[PDB]
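I have placed the structure first, in the form of structure tokens, so that the comments after it can refer back to it.
First the proteins, then the strands, lettered A, B, ... as listed; each starts at 1.
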Amino acid sequence: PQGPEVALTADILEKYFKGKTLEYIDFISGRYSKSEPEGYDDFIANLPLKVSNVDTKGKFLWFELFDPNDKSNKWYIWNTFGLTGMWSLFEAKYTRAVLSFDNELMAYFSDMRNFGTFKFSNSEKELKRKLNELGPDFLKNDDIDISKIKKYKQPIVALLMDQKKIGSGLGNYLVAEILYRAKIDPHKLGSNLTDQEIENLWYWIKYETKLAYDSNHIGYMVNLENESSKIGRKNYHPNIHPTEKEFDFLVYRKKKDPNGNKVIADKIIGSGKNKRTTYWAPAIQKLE
DNA sequence: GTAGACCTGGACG
DNA sequence: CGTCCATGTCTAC
């Protein structure tokens, strides 16, 4: 899941668990049932703890907890989703982690491919340094300066997929959709973009991330599509107003764009076993 | 630049 | 059976 999906997940987790007391956390299958997460023993020794917040930056999510009788003792749960990670209020297929709160209340993290990660820390300083490794959140930061793009002689698609250089939160499908809307050839070097293209790009980044965030069932958040329709949406990018009422793929994994133009499944980024497919329509997206 | 890996499928032939 | 693809990210020549 990308930035918008992680942010919405955090919103739902806060709605149901902020203020609740976590009593236990179990890794019933997957990587962590085979080898425990960093800081796990330390953490379980300090439970029960109360959840004060569930926040996100880009595709990174974390829980902040503390003991009511020692507000100073703050603990954190670091979580990344990988390609198939998801949270749910019910024990879905592929459930890896089970969090037990007071009063029989439960939260579950499922992950088919086990690429998601968990880390437990008692250091606010370590979390801060972690957050500083990520660029500003494309969905939550309404005043990002993307003109920094002009300093890089690299394909714009690669710059937007990077989680530090310009901003954080964009993944394979969002970048493809954004570039199509902005009418920019994915191969174009950031150092060759005009100020007008940059202004345009910023607009569509805000448009697409907000649309994705406001959606209820784009696809990979099925275990919560029920909750997505029962919770509101924070007013990120307040001045941008998408017309569609649900996110839809214009080019990602499509043979043709909405108007019949051929879509190329291009291999631009990566090498070896990490190559990604970049979907774009040349009749629309130009280098100039 | 290049290569590999972690893991478990779904879709298609 | 077989093939390719998959909303992520890391490590090494």
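Rounded to an integer number of Å, the gap from NZ of A:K165 to P of C:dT9 is 13 Å. Rounded to a whole Å, the CG atom of A:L134 is 14 Å from the P atom of C:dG8. Straight-line distance from the CZ atom of A:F118 to the P atom of C:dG8: 18 Å, rounded to whole Å. Counting to the nearest Å, the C1' atom of C:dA6 and the CD1 atom of A:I269 are 15 Å from each other. Atom P of nucleotide C:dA6 and atom CG of A:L174 are separated by 15 Å, given to the nearest angstrom.
The residues A:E244 and A:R181 are annotated as salt-bridged, a charged nitrogen and a carboxylate oxygen being separated by less than 4.0 angstrom. A salt bridge between A:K130 and A:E126 is absent, with no side-chain N of the basic residue lying under 4.0 Å from a carboxylate O of the acidic one.
A side chain to side chain contact (heavy atoms under 4.5 Å, CB included) with A:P282 holds for exactly one of A:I264, A:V263, A:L287; it is A:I264.
The gap from the P atom of B:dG4 to that of C:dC4 amounts to 14 Å, rounded to the nearest Å. C:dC5 sits 15 Å from B:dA3 when the P atoms are compared, rounded to a whole Å. Here, B:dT2 and C:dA6 have their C1' atoms 23 Å apart, quoted to the whole Å.
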Check nucleotides 6-9 of chain B for protein N or O atoms closer than 3.5 Å to its own N or O atoms and list the pairs.
unit_1, atom_1, unit_2, atom_2, d
B:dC7, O4', A:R113, O, 3.1
B:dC7, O3', A:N114, ND2, 3.3
B:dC7, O2, A:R113, NE, 2.7
B:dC7, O2, A:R113, NH2, 3.4
B:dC7, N3, A:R113, NH2, 3.0
B:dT8, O4', A:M112, O, 3.4
B:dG9, OP1, A:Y94, OH, 2.5

N/O to N/O distances under 3.5 Å, protein versus nucleotides 3-5 of chain C:
unit_1, atom_1, unit_2, atom_2, d
C:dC5, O3', A:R253, NH1, 2.9

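A side-chain N or O of A:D266 and one of A:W280 form a donor-acceptor pair less than 3.5 Å apart. Remark: the A:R233 side chain and the A:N216 side chain contain an N/O donor-acceptor pair separated by less than 3.5 Å. Of the N and O atoms on the side chains of A:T117 and A:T80, at least one donor lies less than 3.5 Å from an acceptor on the other residue. In summary, the side chains of A:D142 and A:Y236 do not present any donor paired with an acceptor at a separation below 3.5 Å, with no hydrogens or angles considered. Side chains of A:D111 and A:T84: a donor on one and an acceptor on the other come within 3.5 Å. Counted by atom type alone, A:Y16 and A:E227 present one or more donor-acceptor pairs between their side chains at under 3.5 Å.
Separation of the A:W78 and A:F60 ring centroids falls under the 6.0 Å cut-off.
A positive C1'-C2'-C3'-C4' torsion places the sugar of B:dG9 in the north, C3'-endo-side range. The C1'-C2'-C3'-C4' dihedral of C:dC4 is negative. Its furanose therefore counts as south.
Judged by atom type and distance alone, A:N274 does not reach the base of C:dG8 through any side-chain donor-acceptor pair under 3.5 Å.
For the pair A:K165 and A:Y152, the cation sits on the ring face: its NZ or CZ lies under 6.0 Å from the ring centre, inside 45° of the axis.
Near DNA chain B, meaning a heavy atom under 4.0 Å from it, residues 150-163 of chain A has no residue at all.
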